[PDB]
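Encoded as structure tokens, the structure appears first; notes follow it.
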Amino acid sequence: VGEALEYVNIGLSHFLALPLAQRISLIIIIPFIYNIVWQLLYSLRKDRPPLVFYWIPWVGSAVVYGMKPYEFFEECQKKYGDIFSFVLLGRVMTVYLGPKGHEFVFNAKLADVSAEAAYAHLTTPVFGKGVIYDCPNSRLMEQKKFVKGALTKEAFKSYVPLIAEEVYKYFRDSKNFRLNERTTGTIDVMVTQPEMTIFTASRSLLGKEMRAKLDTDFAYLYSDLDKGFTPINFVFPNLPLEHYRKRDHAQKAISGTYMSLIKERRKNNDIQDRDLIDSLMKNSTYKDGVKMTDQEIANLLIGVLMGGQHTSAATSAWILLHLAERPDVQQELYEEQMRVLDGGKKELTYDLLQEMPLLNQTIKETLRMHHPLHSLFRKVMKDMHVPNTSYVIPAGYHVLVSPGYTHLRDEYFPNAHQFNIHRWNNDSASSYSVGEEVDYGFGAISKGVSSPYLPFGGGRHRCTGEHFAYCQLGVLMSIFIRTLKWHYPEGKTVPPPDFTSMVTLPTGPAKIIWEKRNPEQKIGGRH
Ligand code: HEM
Ligand SMILES: C[C@@H](c1ncncc1F)[C@](O)(Cn1cncn1)c1ccc(F)cc1F
């Protein structure tokens with residue numbers, strides 16, 4: 001029976017003869033049907049985690065994961081346990097929930113997983129080339145080592161009065177406050193916190209020159225570049241549209257400003273220990289002798305500042321929002337300010353910040369309820385066996401880990417959805433290496449990453465901005481608490497999170513009503 005093969009060919013010929021309606025109709029029915037037939041077959045493998053079923057091909061569970069990622073995970077965890085895959089915008093994501101997932105992903109061997117393959121398409125078009133994820137891991141490890149050189153205790157000692165002054169200036173001059181002229185007012189915390197975060201971070205990490213730029217129309221380039229930081233970069237990283245060209249123009253104009261300051265400092269040999277720019281100028285030689293270019297130094301600055309912008313601004317937005325319905329906590333924090341700072345007669349110092357455990361537990365608890373990053377990912381480079389299982393995660397998959405999900409589990413945090421800074425009494429550290437330690441190129445960090453509380457990640461990709469974030473959030477909240485009481489308009493409460501930015505932001509407009517503790521207090525200086 002070669003007669004059959006002839007009819008194969010005849011059928012192929014008649015196929016290409018169909019009316020164009022039926023040919024496009026067939027162009028959609030065939031992949032859909034195949035997609036379901038493939039999942040059903042896939043769901044038989046014993047060496048693959050369960051795969052979340054989905055109707056639309058390529059799209060996958062993208063809509064559900066994107067809008068309600070922790071709800072998606074809880075549903076999947078109830079059905080399939082702690083390991084399961086789901087299709088997402090063309091990728092397969094293998095999720096591993098809970099502390100053993102933290103260990104599987106955050107401590108995966110450098111050979112098995114790649115962060116830069118996962119992230120580069122999100123960050124490289126915003127930050128620029130050659131740094132962070134547009135470079136091999138060992139370069140990244142050392143860039144973190146260079147940034148850490150400016151994030152020392154002694155640096156934080158000089159940043160505290162800089163950050164504090166910036167907050168007072170903001171209270172004095174910003175339209176949102178004007179404390180010298182109003183005793184009460186209403187703000188949207190998603191306007192005020194992003195602005196306060198960029199002003200305080202610029203002044204301390206970037207220096208006075210870069211801070212001064214933000215009082216000009218130059219500040220619009222930060223807005224344009226900020227807009228370019230979006231999950232759309234995973235599908236359309238470059239499209240010949242205005243959004244993208246404004247992004248690229250901002251990246252070039254902003255990195256040009258940094259290089260101009262860098263080259264002017266070197267031209268005058270004016271390199272002190274003022275800011276992170278001084279620091280990187282003195283210290284950006286890799287261990288194989290290669291030196292970072294002024295452009296790579298500038299792109300590193302953008303990426304570090306931009307990442308710290310979003311996480312910190314989100315977090316201080318959430319602190320304000322939780323305290324607006326917790327007058328008890330504001331009272332509690334105010335008393336600690338009065339006791340640590342001798343009734344407000346002692347100036348805030350970095351040392352005194354460490355003696356304010358309730359303030360630091362408020363940051364800590366906010367990073368529990370509202371982790372700014374619901375998902376961290378790697379691309380799997382070599383097949384991985386899931387220990388004590390029959391599961392194998394093949395190369396070309398992605399592993400996804402979500403400590404923010406574990407932060408919200410009653411099993412690890414009793415009453416996980418109640419905001420209680422006292423769940424941290426006797427434990428106000430920003431995190432804790434609770435045992436051994438290892439160095440990946442930027443300093444010794446906890447060897448284990450099994451803690452259920454992992455707001456700053458762990459392993460080779462762990463955050464290097466933790467202590468800067470606490471310093472900055474600490475000075476800002478110390479001043480907010482000693483200066484203002486605040487509350488919600490009638491009937492309003494803590495807004496639910498918006499996860500689509502991939503930074504967990506309050507849903508707007510998130511407004512609070514502030515009023516001066518001392519209506520007669522005046523903020524000195526010029527305006
Ligand atoms: C509330 C504040 C912050 C939180 C909760 C936070 C959280 C995190 C987390 C969870 C990671 C691990 C990423 C991964 O494993 O994929 C990370 C990495 C990182 N963060 Fe932060 N971060 C914060 C603030 C900052 C700040 C202020 C800076 C800079 C001053 C910064 C710079 C970095 C850097 C350089 C990395 C390393 C990424 C890598 O190795 O690939 N972060 N952060
Ligand atoms: C890649 C990015 C991210 N954003 C959102 N969901 C997951 C993510 F991994 C992020 O980790 C965010 N971030 C972490 N600490 C501060 N910012 C990041 C890290 C380093 C950096 F230099 C810039 C930067 F954006």
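We use all heavy atoms of the structure for the numbers below, so side chains are in, but hydrogens, waters and symmetry mates are not. Count residues from 1 along the sequence.
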For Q272, does the CD atom have more than 12 heavy-atom neighbours from other residues, nucleotides or ligands under 6.0 Å away?
yes
Who pairs with [X] by side chain to side chain donor-acceptor pair (under 3.5 Å), at least two apart in sequence or on another chain?
| X | value |
| --- | --- |
| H322 | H370 |
| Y54 | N35 |
| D275 | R265 |
| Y159 | none |

Among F171, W514, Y334, exactly one meets ring pair (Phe, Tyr, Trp, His ring centres under 6.0 Å) together with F480. Which residue is that?
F171
With sequence neighbours excluded, what pairs up with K100 under the side chain to side chain contact (heavy atoms under 4.5 Å, CB included) test?
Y96
Look at the side chain of [X] and the backbone N and O of [Y], then say whether any donor-acceptor pair between them is shorter than 3.5 Å.
| X | Y | result |
| --- | --- | --- |
| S260 | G256 | no |
| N233 | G228 | yes |
| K364 | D427 | yes |

Applying salt bridge (charged side-chain N to carboxylate O under 4.0 Å, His left out), name anything that partners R172, two or more places apart in sequence or on another chain.
none
List the steps and the verdict of side chain to side chain contact (heavy atoms under 4.5 Å, CB included) for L408 and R368.
CA-CA 7 Å; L408 294 173; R368 189 189 63 75; 4.3 Å; yes
Would you confirm whether the ring centroid of [Y] sits within less than 6.0 angstrom of the ring centroid of [X]?
| X | Y | answer |
| --- | --- | --- |
| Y70 | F499 | yes |
| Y405 | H374 | no |
| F229 | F127 | yes |

Determine, step by step, whether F106 and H461 satisfy the ring-ring contact (aromatic ring centres under 6.0 Å, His included) criterion, reporting the C-alpha distance in whole Å, the side-chain angles of both residues, the deciding distance to 0.1 Å, and the verdict.
CA-CA 8 Å; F106 282 135; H461 289 286; 9.1 Å; no
Please lay out, stage by stage, how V95 and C76 fare under the test side chain to side chain contact (heavy atoms under 4.5 Å, CB included).
CA-CA 10 Å; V95 180; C76 299; over 6 Å; no
If the plane angle is over 60° it's perpendicular, under 30° parallel, otherwise tilted; pick one for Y65 and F72.
perpendicular
